[PDB]
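Next up is one chain by itself, shown in structure tokens, the form deposited in one PDB entry.
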């Protein structure tokens, strides 16, 4: 009621690419920009003044605290207390000169795993925050992390291209997926939890079988991959490119969609938990919300600087973004 929808238009930006070289503008279905579970808009409700570029952001479950990863540390913010202007906690994880690149909360929300420009991954106990343990790898840096559905394993995208598989229980490296010839930049797990998908600076996206430990598919692109996400309801994989394109690949199938609403690198992306829509962030200061899988533009938010990272809450009610302007922004998704 506070805000009302108003339709806009743009030159064709969403295309469907067939098996053969053939691009065609997508005819948006009746529920492309409106419908159950589809956001009407997003309202900025908080700004978290980290003071360093925020390369990683995560939100707690229940939603009350936001974790921002900057240089050397992760700051914890209590967003359930509007008046707060400073963090309630600060986790020193790496050298004050090294940047945090990824931080992930375990399914239960009692542990946080932090990785970045260093050979060690820190595991923090968030129970009534202290360093619980550390995972030391031979790779110089970690660019992204993923936690297995059963919370027993942590996958780490290494700067050397390898994907490390860590057994959290005994802090041991049980497996290593080799393939990427350049750093692995992003990762996600299929909805059935049997497959892993990674993106790399070697211009490839690779799928891996977790119960076997071998590469299944490989998609080669014209530019580097910086982000990706697997649709929670399956069938689709969204990929953010340095070329500025967002590619939504049809798992196993030929066809795909190509989305063009970023003028620069797509640094991060995340699917809503319902899978009906997703967001991408870019070096061009834009946060774009897209309908799954064809990419109808649901909403756009222009921030003050590059948007390097993002996360969405488990109930799809909040979006947090990390900024080149040394802060994080909290948005409430309005339906």
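Numbering follows the first chain given and starts at 1.
Below: the form deposited with a partner chain bound, not depicted.
Asks: Residue 185 near the partner chain in the deposited bound form, any heavy atom under 4.5 Å?
Replies: Yes - in the deposited bound form, heavy atoms of residue 185 and the partner chain come within 4.5 Å of each other.
Asks: Could you confirm whether residue 117 comes within 4.5 Å of the partner chain in the deposited bound form, counting heavy atoms only?
Replies: Heavy-atom contact with the partner chain at 4.5 Å: present for residue 117.
Asks: Considering non-hydrogen atoms and a 4.5 Å limit, does the partner chain approach residue 159 in the deposited bound form?
Replies: Yes - in the deposited bound form, heavy atoms of residue 159 and the partner chain come within 4.5 Å of each other.
Asks: Can residue 177 be called a contact residue for the partner chain in the deposited bound form at 4.5 Å between heavy atoms?
Replies: Judged by the heavy-atom cut-off of 4.5 Å, residue 177 is well away from the partner chain in the deposited bound form.
Asks: Spot the stretch among 97-105, 208-216, 247-255, 230-238 with residues whose non-hydrogen atoms come within 4.5 Å of the partner chain in the deposited bound form.
Replies: It is the stretch 97-105.
Asks: Counting only heavy atoms and a 4.5 Å cut-off, does the partner chain in the deposited bound form sit next to every one of 53, 143 and 308?
Replies: Yes: each residue has a heavy atom within 4.5 Å of the partner.
Asks: Could you check which residue among 197, 226, 124, 155 gets a heavy atom within 4.5 Å of the partner chain in the deposited bound form?
Replies: By the 4.5 Å criterion, the partner-contacting residue is 226.
Asks: May I ask you to choose, among 110, 173, 133, 201, the residue with a heavy atom within 4.5 Å of the partner chain in the deposited bound form?
Replies: Selected option: 201.
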